[PDB]
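The chain below stands alone and is given as structure tokens, in the form deposited in one PDB entry.
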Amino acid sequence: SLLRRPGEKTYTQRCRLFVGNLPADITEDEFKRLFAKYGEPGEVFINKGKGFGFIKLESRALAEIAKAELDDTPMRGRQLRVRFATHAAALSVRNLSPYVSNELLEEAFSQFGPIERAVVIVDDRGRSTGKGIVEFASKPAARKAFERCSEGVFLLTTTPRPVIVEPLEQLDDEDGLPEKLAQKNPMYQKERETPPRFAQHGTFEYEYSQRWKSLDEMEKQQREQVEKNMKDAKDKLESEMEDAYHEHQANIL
């Protein structure tokens, strides 16, 4: 129903909402009427047996409004839980040149299948982190990109930097671990009997904790030394391979 199309691509997986705690006797019509305010519905999936469903709306904006408006609202004695659906066809990409843009990444990955979005993750100064996200329309397109970039060498720019493609890690930093669930542990009462505190010089917990911190600091130093050791190995490889291939030199063979 939107007069101006929000963009080139609509009803993407970033426009998909998860709705939990539906009533036992939900119907598709009732489910669609819940979202009627937010334009023409796209794909609808309802698990009537398990009390949840999915809907795609036309735009990310409409999904954000629906979530904000419908989350924690009553339906026949149940508070609806509305969340953005976790993306089923998303990949992490890393080892990106700093001169790879969102559009280059999308253009590149579009060869694997229809692509919804690609983004280069930037730091607080707008500089590339060398990492990105690619969101495909279909799981098979994501699987082909994952398999082909794993087996082969996919290059986006002049500098030979193979794109490293991994499953996108999707952890929950919205709901987290509420005290309602934590309390179900037997030893919870015993763990909370001592309040948050600074440990004091001379106590067992202070001495244990300072030694633990010293091992953690040693682990940090060793992990940094490994990165430095492997950077030197990668720079030595580059120099040896340039020489093997006579990169700065004409040679018939």
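So that there is no doubt, residue numbering starts at 1 and follows the sequence shown. What we label the rigid core is the largest C-alpha set whose atoms superpose within 1.5 Å from one form to the other.
Below, we refer to the form deposited in another entry, which is not included among the displayed structures.
Exercise. Relative to the superposed rigid core, does the CA atom of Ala141 travel 2 Å or more between the shown form and the other one?
Worked result: Shift of 2 Å or more: no.
For this session: Kindly check if the Cα atom of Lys50 is displaced 2 angstroms or more between the shown form and the other one relative to the superposed rigid core.
Result: Yes, the C-alpha position differs by at least 2 Å between the shown form and the other one.
Exercise. Relative to the superposed rigid core, does the CA atom of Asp71 travel 2 Å or more between the shown form and the other one?
Worked result: Yes, the C-alpha moves 2 Å or more.
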